[PDB]
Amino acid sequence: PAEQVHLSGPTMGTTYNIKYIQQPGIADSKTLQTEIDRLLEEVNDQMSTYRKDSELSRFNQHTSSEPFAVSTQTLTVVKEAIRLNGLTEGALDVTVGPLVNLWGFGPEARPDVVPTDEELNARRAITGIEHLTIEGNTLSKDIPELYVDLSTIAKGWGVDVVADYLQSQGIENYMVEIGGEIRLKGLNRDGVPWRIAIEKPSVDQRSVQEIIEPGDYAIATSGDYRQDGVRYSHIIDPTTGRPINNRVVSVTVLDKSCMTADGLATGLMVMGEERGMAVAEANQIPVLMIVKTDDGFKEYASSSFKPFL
């Protein structure tokens, strides 16, 4: 009878949940949790916008055009952010920091008063992926006020870092989950591939879960299924400088990398269902987008997502 261990703790303003299947010859749960906590604290010390002395915050505080050296891990995540910026036609843009902060979703204290068009325009003027370059093991910013936010991607990165640690310890059956971003390998305590739920919105407002088995894959979801006014959310449209205003309720992406799935889910959400599903089709990305229609909801699954339903 297979023994599942559940580890939980705090990271990145949220909680992680790791489940794995005990096998002969592996480290005890205390040993594993101790290293998992160290790895995730490192991700936070590299890439947290909320820690004033993180590598990323020190880059945000840096004012020179002069190259700023960063860790291999930060470099890997920023390179992926830039790659996914190209793939999403500019939709995923980690230099939207100033706008995320303006709207109340970052470390900056904001009032309940809506920003003026003048304040918004000032923050838009100091955003844009074009301002950020990678040179060897360094970042450079061609404007001093550039503020990079890796909230959209470094969670997936932490999931990948922990998944690789569990593999390094000879654990081949696991679920790593941080703030809802997941990576799975092998089989659950019942000997079947791990089960995740996709939340479906319903016109009757009843909670509907679809349970799928992704197999050896990462899964990331952006948006929350949960009156008709101004749209206000933490996902910013880089073209408007404002919270996204489109029909997209949620986007679920599968990828071998949780980092990659995380960036893609947010990027495709900002693109909208037409341009987003077109990118998913052209690039063999398994995606499910739920969109609000005139009198209900509709799903769009890419060709590479069809199997999983």
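Numbering starts at 1 and runs along the sequence shown.
message: Missing residues between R226 and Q227 in the deposited sequence, please: none, 1 to 3, 4 to 9, or 10 or more.
response: Per the record, 4 to 9 deposited residues are absent between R226 and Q227.
message: Tell me which stretch has the larger mean Cα B-factor in this entry, 286-294 or 10-18.
response: Mean C-alpha B-factor is greater for 286-294.
message: On mean Cα temperature factor in this entry, is 29-37 or 61-69 the higher one?
response: Mean B over CA atoms: larger for 61-69.
query: Whose C-alpha has the highest temperature factor in the PDB entry: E177, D160, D149, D142?
result: Result of the comparison over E177, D160, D149, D142: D142.
message: Comparing recorded Cα B-factors across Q167, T221, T76, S202, which one is largest?
response: Among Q167, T221, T76, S202, the PDB entry lists the largest C-alpha B-factor for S202.
field: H234, C-alpha B-factor rank within chain (lowest, middle or highest third)
entry: Middle third by C-alpha B-factor.
- prompt: Which third of the chain does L184 land in by C-alpha B-factor: lowest, middle or highest?
  reply: As the PDB entry reports it, the C-alpha B-factor of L184 lands in the lowest third of its chain.
task: Looking at the entry's B-factor column for C-alpha atoms only, identify whether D93 ranks in the lowest, middle or highest third of its chain.
output: As the PDB entry reports it, the C-alpha B-factor of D93 lands in the lowest third of its chain.
message: When the deposited Cα B-factors of this chain's modelled residues are ordered and cut into thirds, is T240 in the lowest, the middle or the highest one?
response: Its C-alpha B-factor, which the entry lists for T240, ranks in the highest third among residues of this chain.
- prompt: In terms of the chain's CA B-factor thirds, is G156 lowest, middle or highest?
  reply: Lowest third, going by the recorded CA B-factors of the chain.
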